[PDB]
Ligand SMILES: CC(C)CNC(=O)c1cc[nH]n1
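The chain below stands alone, shown as structure tokens; this is the form deposited without this ligand.
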């Protein structure tokens, strides 16, 4: 006896822009948001570029006094959230506040703050750790601070499922509404992992592209010369709403959230199975959840992180799940332009999938100069493709073999 769930608001900070429309313009233009990092000295690091959010002004949202306490991941998460609530036109009242909840997640949350409080502790000692370190750094405080600012009293929580965080946060918030725990959820992800620990940590695991000479050409999903993902920062937030609650208040409806899949590879801590069996199971769970034939999918927003193993695993999974229809649909990686927003990747890509439906256009896979062996699908190489899209699918795969799939369709 589950209710239908629609998207009535979207908000975003990306390497391509400080909101959704500016980010989406970047996407359709094939623009890279990847550039040498400038906020820290990366001379000793094998990767010196990433997707920074450019020109972020927190004072558009919060007092400088408030924001001083908050790690950038919380600033970015609040900014995207505030945008999405505004965009929904939803009015929070005594009558609906217990029915509006929040699920904004992160991969690691306040790493910059943790790194800085660690410097203070080691160099100076524990009397120099900020009283605001914990409430300013832990992952659930986007959900926390958003609920305090807006008076949201519904379910209040955060997921942390590595690069799957954004996808799961949206899927499980949809489940909250579908099963009557809430009428409205603000859900998505924020990440700011562009510090020594983040760039050094992924560096030490050799996960990152080291194409320092051409940073805009580094993220090249399914291209034979790909050499790992590009670390990027940002936040995506959607207002999810029960269909009748939306219809009743005359809400502008972007799309319907019809399918959510989760699954575990149970294969390896960091590498995906070569045949993408976990991704394949996850996509099939989401399609069954949606009551859809695989042939109804027109657009896939791939995980497509630009790793050797991950990209081909995703091709195999799509070929397994869709058979001959795999050559009819369009699949692209917007990480070709945005790089990899980690715990935020699934939230910004949920928004790009919803906009692909609104505008009937497949975003491009830029830098796809030489598709690898077996990468023979319509990957929307170089340039945006206007086309029919009634159903869009977004994938995220994470450390621990954790998988998420979101299925959106045009709302009647």
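Numbering follows the first chain given and starts at 1.
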| property | result |
| --- | --- |
| Higher-B stretch (mean Cα B-factor, as the entry records it), 270 to 278 or 93 to 101 | 270 to 278 |
| Mean C-alpha B-factor comparison - 217 to 225 and 78 to 86, higher one | 217 to 225 |
| Top residue by Cα temperature factor, when 240, 321, 142, 255 are compared in the entry | 321 |
| Which of 44, 354, 344, 27 ranks first by CA B-factor in the deposited coordinates | 44 |
| Chain third (lowest, middle, highest) by recorded CA B-factor, residue given as residue 8 | lowest |
| Entry-reported Cα temperature factor of residue 20, expressed as the chain third it lands in | lowest |
| Lowest, middle or highest third - CA B-factor, residue 402 | highest |
| Where the record places residue 365 (Cα B-factor, split into thirds across the chain) | middle |
| For residue 196, the third of its chain into which the C-alpha B factor falls | highest |
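In what follows, reference is made to the form solved in complex with this ligand, a form of this protein that is not presented.
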query	finding
Residue (of 261, 310, 154, 215) lying close to this ligand in the bound PDB entry, criterion heavy atoms within 4.5 Å	310
This ligand: the contacting residue among 101, 276, 221, 339 in the bound PDB entry [heavy atom, 4.5 Å]	276
Residue stretch of 292 to 300, 243 to 251, 263 to 271, 118 to 126 approaching this ligand in the bound PDB entry, non-hydrogen atom distance within 4.5 Å	263 to 271
Touches this ligand in the bound PDB entry: residue 398 (any heavy atom, 4.5 Å)	yes
Partner contact for residue 233 in the bound PDB entry: this ligand, 4.5 angstroms, heavy atom	no
Distance check, residue 314 to this ligand in the bound PDB entry, heavy atom within 4.5 Å	yes
